[PDB]
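Listed below, chain by chain, are the residues.
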Amino acid sequence: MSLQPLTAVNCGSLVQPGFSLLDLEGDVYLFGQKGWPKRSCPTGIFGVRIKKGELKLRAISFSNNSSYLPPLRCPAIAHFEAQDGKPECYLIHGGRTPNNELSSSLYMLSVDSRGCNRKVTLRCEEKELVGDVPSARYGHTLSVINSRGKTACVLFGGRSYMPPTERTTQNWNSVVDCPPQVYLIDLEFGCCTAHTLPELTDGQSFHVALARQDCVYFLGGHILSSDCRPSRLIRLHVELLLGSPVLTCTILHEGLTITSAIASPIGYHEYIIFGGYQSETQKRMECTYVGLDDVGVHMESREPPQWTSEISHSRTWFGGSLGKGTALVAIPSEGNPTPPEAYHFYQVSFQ
Amino acid sequence: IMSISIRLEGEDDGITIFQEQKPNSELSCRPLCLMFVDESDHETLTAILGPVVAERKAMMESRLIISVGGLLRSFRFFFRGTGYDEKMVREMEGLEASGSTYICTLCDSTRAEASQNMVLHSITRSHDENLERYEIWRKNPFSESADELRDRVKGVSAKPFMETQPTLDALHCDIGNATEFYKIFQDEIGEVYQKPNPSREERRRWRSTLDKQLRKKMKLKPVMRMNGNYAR
Amino acid sequence: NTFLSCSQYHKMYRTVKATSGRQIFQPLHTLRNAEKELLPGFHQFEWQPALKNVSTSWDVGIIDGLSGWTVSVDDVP
Ligand SMILES: [Zn+2]
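We now turn to the structure provided with this report.

What counts and what doesn't
- Residues numbered from 1 in each chain as written, not as in the entry; some residues may be left out.
- Chains lettered and ligands numbered in written order.
- Part of a larger assembly, values for the part shown.
- Heavy atoms only, no water.
- Helix = DSSP H or I, 4+ residues; strand = E, 2+ residues; numbered from the N terminus.
- Donors = N, O, S within 2.8 Å, 3.2 Å for Na, K, Ca; no water.
- Buried < 20%, exposed > 50% of the residue type's maximum accessible area, 1.4 Å probe, protein only.
- Core = buried A, V, L, I, M, F, W, Y, C linked by side-chain atoms within 4.5 Å.
- Contact = heavy atoms within 4.5 Å.
- Patch = residues over 30% accessible without salt bridge, like charges linked within 9 Å, V, L, I, M, F, W, Y side chains within 5 Å.
- Areas by Shrake-Rupley, 256 points an atom, 1.4 Å probe, with all protein chains shown as cover.
- Salt bridge = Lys/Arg side-chain N within 4 Å of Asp/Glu carboxyl O.
- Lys, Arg positive; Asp, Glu negative; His and termini not counted.
- Charge placed at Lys NZ, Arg CZ, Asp CG, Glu CD.
- Buried area = accessible area lost by both parts, 1.4 Å probe.
- Polar contact = N/O pair within 3.5 Å; in protein donor to acceptor, adjacent residues only side chain to side chain.
- Expected span 1.5 Å × (residues − 1).
- Arc of directions from axis to C-beta.
- Pairing = 2+ DSSP bridges.

**A look at unusual backbone geometry**
Residues and elements named next belong to chain A.
Phase 1: At the junction of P87 and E88, the peptide bond is cis and its omega measures out at -5 degrees in the coordinates.
Phase 2: Looking at where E88 falls in the secondary structure, it is placed in the loop between β7 (75-80) and β8 (89-94).
Phase 3: Following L242, the chain continues to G243 via a peptide bond in cis, the omega torsion being 5 degrees.
Phase 4: Within the chain, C11 stands out as a residue other than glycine whose phi angle is a positive 55 degrees.
Phase 5: Topologically, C11 is positioned in the loop between β1 (2-8) and β2 (20-23).
Phase 6: Positive phi outside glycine occurs at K52, with the angle close to 40 degrees.
Phase 7: Mapped onto the secondary structure, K52 falls in the loop between β4 (46-51) and β5 (54-59).

**Focus on the coordination of the zinc ion**
Phase 1: Protein-derived ligands of the zinc ion are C104(B) (SG) and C107(B) (N), with the metal-ligand distances lying across 2.6 to 2.7 Å.
Phase 2: We classify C107(B) as buried; its relative accessible area is 16%.

**Topic: the nonpolar core**
Phase 1: Judged by nonpolar contacts, the single largest core of 25 residues is most densely connected at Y29(A), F62(A), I92(A), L109(A), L122(A) and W137(B).
Phase 2: Put simply, the parts of the chain that give this core at least two residues each are β3 (28-31), β8, β9 (106-114) and β10 (120-127) of chain A together with α4 (127-139) and α5 (146-153) of chain B.
Phase 3: Among residues more than four places away in sequence, those in contact with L109(A) are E88(A), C89(A), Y90(A), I92(A), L122(A), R123(A) and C124(A).

**As for a negative patch on the surface**
Phase 1: On the surface, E9(B), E11(B), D12(B) and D13(B) cluster together into a negatively charged patch.
Phase 2: Relative to the assigned elements, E9(B) resides in the loop between β1 (3-6) and β2 (15-19).

**Describing the interface of chain C and chain A**
Phase 1: Listed per partner, the contact involves 15 residues of chain C and 22 residues of chain A.
Phase 2: Taken together, the two surfaces of chain C and chain A that pack against each other cover about 1500 Å², and 48% of this comes from carbon and sulfur.
Phase 3: Between the two partners, chain C and chain A, sit 2 salt bridges.
Phase 4: Its salt-bridge partner being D75(C), residue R159(A) comes within 2.7 Å of it at the nearest N-O pair.
Phase 5: One can count 9 residue pairs in polar contact joining chain C with chain A.

**Focus on helix α7 (residues 200-216) of chain B**
Residue and element names in this part refer to chain B.
Phase 1: Helix length check: α7, at 17 residues, gives a terminal C-alpha distance of 25 Å against a target of 24 Å (1.5 Å per residue), a fit within 8%.
Phase 2: Where α7 is concerned, the buried positions are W206, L210 and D211. Buried residues along α7 cover an arc of 135 degrees about the axis, so they all sit on one side. Exposed residues lying more than 90 degrees from the buried face of α7 are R204, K212 and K216.
Phase 3: Close packing links the buried residues of α7 with α6 (170-189).
Phase 4: Where α7 terminates, the next one or two residues include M218, which has phi positive at roughly 90 degrees.

**With respect to the sheet that holds strand β6 (residues 61-62) of chain A**
Within a beta sheet, neighbouring strands are joined by backbone hydrogen bonds and run either parallel or antiparallel to one another.
Residue and element names in this part refer to chain A.
Phase 1: Reading across the sheet, the 5 strands line up as β6-β10-β9-β8-β7 and stay open at both edges, with mixed pairing between neighbours. Strands with a single pairing partner mark the edges of an open sheet, and in this sheet they are β6 and β7.
Phase 2: Where β7 lies against β8, 6 bridges are found, and the strand directions are antiparallel. Bridging across to β8, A78 finds its partner in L91.

Right under this line is the structure:
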């Protein structure tokens, strides 16, 4: 467990507070960018490199057949594992554009080719959703399950804007939790089903969801309706037997008061939970370890590295996981005149 | 409020009743919203200015009914977004800025194609085609490479969020031609068409004799930046 | 039209009133009551057909622009 300051050499004004790290095929890819794609990168995506503390950003390049993507803010990132047919996939859906709007489309991102000179090329295939599509929402979660043995994807949670009847120029910027119904989407074709469950009284937002062996455990769950941060941990167990996807659930006693967490995979299934926040005011500082197996998730607190006075005294803080028990975090920065690089960086490490 | 004209009862057109005598004045410019925000972050600007766009778009259809002159009466509206600068005009329309290859907001000629042919052109740009061409850029139905997807849409990258009349701004045009003639005068004092590659030293040096010449003749001290009256 | 502070105006009001008045200017609280005719949110109207996703109250004055932002810290602030 350790934290180290990193200095972003240059081009750090394009990182915004909500953004994503997709770790696939060696290098990790920054996604989500401040503003629209400057012709410095008409794509929008970056390869990130950490070297002697330096945070260096390179501009990725799409393939010819790929459709291009506008930068979602807080979408649901889903790692689709490497197998037939085209390994390996990232399911990105849905976020909010750099223009404050919600994008209810489904994008699939993969790796294509390298180098020549180490360069790595990506490609995005937009995937049609027939349905029963879920409405554009943000803060939700998407997860991949393998059930005897077909792979499917489960979509649940997240806020959205007021319905377009009550959408009011006085309630525009207000969000209300979209209703809590689980969407089962096939990777191919685009057939999306909607299920409802009784135990799910209300939808959530910002609750990290985990999936293994076609079962999903949901932590946190800041509900803005009752303003609670429920520490109950939820479980659902689904099985796809053609043609209905029968789905069941259970509530568990204990989960955790965390919203917006940074979950880094380290082992096969051992995770370190970095956490965003315990309370409205008071951010989360302790680090926890979350293993999970066929029994269930097994919880353990880890010694958090000693935070600098700066990072202990931050009003807000966010970040993400470079993966494999190492994570990257950013802090709003105050200065006069404004630096302007607003955000400071730590490299956190497990063991 | 630019003009008010009349339509009832038919056959004819709009009969103007009122046309603003001094539209360029400040005293006739009505503020609606103030923010402590920068123009740059698109995120915060659209978050705030969204409800406004929906109202404009939602007001275009209906008819107003107001007690005026003693009677309830009905109005219709035509909005003309023209008071934007080009930085924001191009920002607000998905276009790339500002030394881009596609220079013109109205026509499709590149920089090269704008030094070759100066005059023969036709107005093309508007809102809706920009929307559809953004579609062409996002869906990518023809599986084209970046530079050529760039070429099929002719500079349409980001999604327009707002409609602005495709119009030119007067005042900044005067400033641009004035900075160009100022830069040209700096070059001509010295020999630029004799020596095609000067350094910065002669540029500041040429600027110094111009400024001295401007003060002795016409009585105008230099400005860090040429405001409109100095351009007059 | 002169950037006159409320208190600057009252000093002048006392000044011109006490001396030879026959006050001419009006007090502040009648300026403050005779203005609501000039600012927005006072006259009635009706849009035919009904405006899209706009409330029907015709008396809204100055509203704050966040427009019902869901202030919770964890989201965009
Ligand atoms: Zn043109």
